[PDB]
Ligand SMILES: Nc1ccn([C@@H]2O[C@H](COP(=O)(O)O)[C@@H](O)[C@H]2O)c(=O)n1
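Given next, in structure tokens, is a single chain: the form solved without the named molecule.
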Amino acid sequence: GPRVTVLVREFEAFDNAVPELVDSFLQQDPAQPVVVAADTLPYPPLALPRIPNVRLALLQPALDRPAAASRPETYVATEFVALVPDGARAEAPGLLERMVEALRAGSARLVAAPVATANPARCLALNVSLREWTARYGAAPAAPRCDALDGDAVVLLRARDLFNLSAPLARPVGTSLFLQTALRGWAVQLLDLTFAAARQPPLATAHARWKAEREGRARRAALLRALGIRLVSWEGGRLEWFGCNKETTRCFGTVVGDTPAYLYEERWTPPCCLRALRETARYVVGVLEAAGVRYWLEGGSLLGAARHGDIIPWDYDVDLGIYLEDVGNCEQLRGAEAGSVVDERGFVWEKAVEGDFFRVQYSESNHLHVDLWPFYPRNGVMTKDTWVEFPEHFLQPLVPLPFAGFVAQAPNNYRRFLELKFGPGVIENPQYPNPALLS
């Protein structure tokens, strides 16, 4: 009744137990369909049995092959497919059949069986938010029904479901598969069945292990970058980042038309970029306060503070107003008028090209910035020479207002200040930076 193709994707060419894996399934059924998938032909040779029911699917482009040759669904003729990791072995007979039976009888589109390795699979919850570039894992509230798995498992599903995914075999599969299935609201049922481990497991030496863990980590980082996951969180608070830092370029490059590239991709500001802007805003405020420079939250930064005490989630910089006469109080600002200045913490201060303002960048390589706009009073009206004006009484006095994790100084009556600069109801009506292009 049930035909199941075994599909092997997670293995290392320098050190693997794929021959044992495939032979253990052949011992239960000599005609068992098996597909080993690889990006390039493994060397040293896998030396799989060269029989028609065992096939190697190379997922690489080639001058002498058709398109179908790198599409793994054309190697799978059966209704069901079972993803089997290296290090597993078939020992008990008919396990795939019991998995098929459980899937037909259940409600999850995926069923799974742990492998009795030193790291068997465990049930996990998972939320994916592409707009915020974040994947949030947690403990499974309704185990053994999960959104994702952590560790080694045989995962069985219908071929039509697996190969309608965008990247069915992207490595690591343990990360890539459940990111895609959870996003679609699919569940994986963790069954009470266990596959045995290989008798001679792969990666038996500490050096061979260490080599494999580093290659895997490199593949996971590349995968998350390819798919737009900048941040992974775990319950307990553990964070791992996959985007910006002080030592790299910022994520999105130069902005045209006030609308950064990620907005056209229906995503908001990457969380790593937002983290850096908050750190730069916190730092610059500390420097100005220690130097005796009067400053106040400006533009979108003040708007975000008034709404929810933080940067607007699709914004990409921070604006502060300062008193023009106070500029000479700050060492970095005095230096900036002479040229670019890299200070005690690696931040870069410059007097800008465009319009008589200062710009503080997170680092020499990461150009996320705070802009400082000098104003001087003319007759109770704050103004500048290169370009709106506003009454000085909004700055007399300033008021405290949470922003980006700290307390910042804002104009008093900032609701009216914001409506004077943006229009009535701006606090209550969020918009994109300019809606004629994108709303």
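The first residue of the sequence shown is number 1, and the count goes up from there.
Missing here is the form solved in complex with the named molecule; even so, the following discussion is about that form.
No clash is found between the named molecule, overlaid from its position in the entry with it bound, and the backbone or C-beta atoms here, as no atom lies within 2.4 Å; the site counts as open. Taking 82, 312, 90, 293 one by one, only a single residue has any non-hydrogen atom within 4.5 Å of the named molecule in the entry with it bound, and it is 312. Of the residues 299, 106, 335, 228, just one reaches the named molecule in the entry with it bound with a heavy atom at 4.5 Å or closer; this is 299.
Every member of the trio 317, 426 and 431 reaches the named molecule in the entry with it bound with some non-hydrogen atom inside 4.5 Å. Taking non-hydrogen atoms only, residue 307 approaches the named molecule to within 4.5 angstroms in the entry with it bound. Heavy atoms of residue 177 never reach within 4.5 Å of the named molecule in the entry with it bound, leaving it off the interface.
At a distance threshold of 4.5 angstroms between non-hydrogen atoms, residue 303 is in contact with the named molecule in the entry with it bound. Contact annotation: the named molecule lies within 4.5 Å of heavy atoms from the stretch 317-325 in the entry with it bound, the single such stretch among 356-364, 337-345, 193-201, 317-325.
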